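Before any questions on binding or motion, here is one chain by itself as C-alpha cells, the form deposited in one PDB entry.
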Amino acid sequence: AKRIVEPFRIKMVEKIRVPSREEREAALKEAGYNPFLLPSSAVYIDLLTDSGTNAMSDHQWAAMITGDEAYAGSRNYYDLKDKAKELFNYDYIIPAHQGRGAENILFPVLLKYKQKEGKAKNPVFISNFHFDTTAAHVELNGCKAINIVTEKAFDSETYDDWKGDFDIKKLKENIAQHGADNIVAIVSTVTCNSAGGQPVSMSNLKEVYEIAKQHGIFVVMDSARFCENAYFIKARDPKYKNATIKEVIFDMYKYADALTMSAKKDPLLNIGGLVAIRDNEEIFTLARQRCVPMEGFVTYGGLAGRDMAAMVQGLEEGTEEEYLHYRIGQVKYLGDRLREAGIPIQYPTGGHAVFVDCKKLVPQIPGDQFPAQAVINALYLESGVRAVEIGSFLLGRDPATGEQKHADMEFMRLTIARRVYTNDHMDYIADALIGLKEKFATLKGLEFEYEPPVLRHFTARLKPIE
C-alpha cells in the first residue's frame, strides 16, 4: 500500500467526532437498521457517498461569492456554456439542480422523441449498468432498464483493465431482440458505478457509439465520474499515455450525442447537475420546454447563480491530473490495505470507492437477505463509519415480475468524498474493518419492515433476521 501526498494544503477544517458505542447502537435501532436514516451527528467518517460531500477550493468559493444570481441570463450560465464547449465540444447546455434532475429533463424527452412515427411501443434503455436513480427514471416513464456490463466485472478478485465495459455481444443481441425502433437511448455510464467505479475503455465507447450510429440510436453519456474515467484511460490505454486528461475527455465525447452529469461528483461540488447536447437542436429545444416546469428557467435550472459559478471552476479542477492521481491513488490505498489483509474487494479499485465483496465475506447470508447490509451495520456499530450497500438491496425489484432483481454482485461501498479525508482517515476505516475478521461468520441478514415501491433502500426500515 502506497500513500500519495496531497497536491494541496488545508485551508478550512470541519470538526468530526466519534460517537460512543452506546450512542451508535441506539441510533441504528432508531434508524430502522438503515444507515440512511442515521443523523450525521451519529456518524464519524461518512462513507455513504461521494456525491455533494466534496471539499471545494478557495477559487471555487471565491467564484460563488461573485456569482450572478440573475433569474434570466446569468453571466455564470454563459461561462458554463463555454466551459462545456471547451471540454466536450457540445454546443447546447441546460443546467439542472443535480443528476436525477438532469435525467428527468432528458429521458422523457428522448422517449417522446423516439415515440414519434408510432414506434417504440415497448421502449427500452440499454446501459453497461443503470444506477439506481437512472434506472428509476427509465422505469418511471414505462421503459425497461437493461444492464449489459462485461462479465469480467463479476469476477471480483481477477484483475482486468476495463471492468466497466459494455458487453458488445449482449449489445447486438438486445438490438436484435427488441429492435432499434424500441431502443430509446444507450446510456454510457463513466465510470460504471454499479460495477465498482470501474472504467470504460475508449475503444469500448467508440464501438458502442458506432453500433448505435448504425441503427440511428441516441447515445447519452452518464457523466458523473467522467474525469476519473479519463484518468484510467490515460493510465491503462497505451494510446493515451502522453495525452492530457482534457485530450482524453475530448475523445470520450466524440462517442456520445448528449450527456447527463451529476456535478456533485467529479466537478467537486455540493450541488449541481448538467445536461449538454452535441448538436441536436430539436432535442435541446424539447428538453428546454421540460426544464422550465420541472427544474426552473433554462439559464439556471434550479441552481443558484453561485453554484453555476462553482461548477465552472470545479469542471476545470476535476480534470487536473495531479489531483486525479492523488484522489484515485487514495482509494487505491484503502483497497490495497484491505486486500493485503485478506478482505476481498473489487480488484482493481475504482475511481471513487472501494467495493468490499460481501459474497465471499459473509457467505452464510443469502443475497435476498442483503449480506452487504449486515456488514455495514456491523462496521458502523464497531467504528462509527457509515457505508452504503450496492447489491440486492439497491437493485430493488423488477417492475414486471415484482420480485427480487437478480444481483450478480453483493457489495459494501466505501465511498470516498473528494479532498475531504486523509490517508490517516483511510487507515482508521481499514483497521476497523480488518478488526471484524472473526465476526463475519456470526452476522445474519435483514428483513423488510417498511418497503417503498421505488428506490426502496433510501428510506426502508429493516429488521434483523435474528
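Numbers for residues come from their place in the sequence shown, where the first is 1. The term rigid core refers to the most C-alpha atoms you can superpose between the two forms while keeping them within 1.5 Å.
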Item to check | Mean C-alpha B-factor comparison - 131 to 139 and 166 to 174, higher one | outcome: 166 to 174
Checklist entry - For the C-alpha atoms alone, is the average B factor greater in 122 to 130 or in 317 to 325, going by the entry? => result 122 to 130
Checklist outcome for this item: From the entry's CA B-factor values, the highest among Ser41, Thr401, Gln60, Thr422 is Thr401
Checklist outcome for this item: Based on the PDB entry, the highest CA temperature factor among the options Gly272, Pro267, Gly350, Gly367 is that of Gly367
Checklist entry - When the modelled residues of the chain are sorted by Cα temperature factor, does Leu286 land in the lowest, middle or highest third? => result middle
Checklist entry - Among the chain's modelled residues, which third holds the C-alpha B-factor of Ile277? => result middle
Item to check | Third of the chain, ranked by Cα B-factor, where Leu110 sits | outcome: middle
Next on the checklist: Quick check on the deposited entry: does the C-alpha B-factor of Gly384 sit in the lowest, middle or highest third of its chain?
Outcome noted: middle
Checklist entry - In terms of the chain's CA B-factor thirds, is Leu259 lowest, middle or highest? => result lowest
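Just so it is clear, the following notes concern the form deposited in another entry, a form of the same protein that is not shown.
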Item to check | Of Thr191, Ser127, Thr299, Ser392, the one whose Cα moves 2 Å or more between the shown form and the other one after core superposition | outcome: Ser392
Item to check | CA of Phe232, rigid core aligned, shift of 2 Å or more between the shown form and the other one | outcome: no
Next on the checklist: When the rigid core is used for the superposition, does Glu86 move between the shown form and the other one (threshold: C-alpha shift of 2 Å or more)?
Outcome noted: no
Item to check | Threshold 2 Å Cα movement between the shown form and the other one at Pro348, rigid core reference | outcome: no
